[PDB]
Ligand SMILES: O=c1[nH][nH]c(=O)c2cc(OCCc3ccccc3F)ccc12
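Presented as structure tokens, the chain that follows is alone, the form solved without this ligand.
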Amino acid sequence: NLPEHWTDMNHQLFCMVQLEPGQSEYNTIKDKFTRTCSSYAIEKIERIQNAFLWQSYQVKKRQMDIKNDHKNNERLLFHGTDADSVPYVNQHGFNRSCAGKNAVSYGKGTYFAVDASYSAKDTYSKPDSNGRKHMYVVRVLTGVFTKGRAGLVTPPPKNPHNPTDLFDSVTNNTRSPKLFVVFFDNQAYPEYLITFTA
């Protein structure tokens, strides 16, 4: 069930794997980051191998793939974090109950950015005592989405006369999405941790 490219974790359930510059895997993430964060410098990129988070995420993805009509349900997005949160996210993923209020709120959930520049703001990727900033690269089940609203604690219904049939996520703008908000556990898999500095 675990991806074949992962390092052997010899019965362990969790490993952070340091990537090598020059490998396609490192270079693709560096390029995705530098597209909007060219003024910052990457210290390192770690692949997050969390068996339990992966299993629960892949179950949710299979369900969304069944429910939705041949939709690309998954986007690769960014999430800036403070150093104090990194151990919890690595082990347990993204908990909406711990999320800050966003400067522009489209609901009470976990926020993910299309552009690394957004997540690179000190408000999200707070510099630690050594000047290191931390950003996850995250597989997010955006599914079918609509423009969010500050009051939401779950995604809104697609149809007001069927209140239980929900959008998968919300966004700031359906025409030009720059952020997505998810409201359920195991809808986002933290795949890489970028450590970076000015």
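From 1 onward, residues are counted along the sequence shown.
A second form of this protein, the form solved in complex with this ligand, is not displayed here; the remarks below concern that form.
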- request: Pop this ligand in from its pose in the deposited complex with a site C-alpha superposition and tell me open or blocked, counting ligand atoms that come within 2.4 Å of any backbone or C-beta atom (3 or more means blocked).
  value: blocked
message: So, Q91 and this ligand: in the deposited complex, are they within 4.5 Å at any heavy atom pair?
response: no
statement: Residues in 121-156 that come within 4.5 Å of this ligand in the deposited complex by at least one heavy atom, in order, are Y124
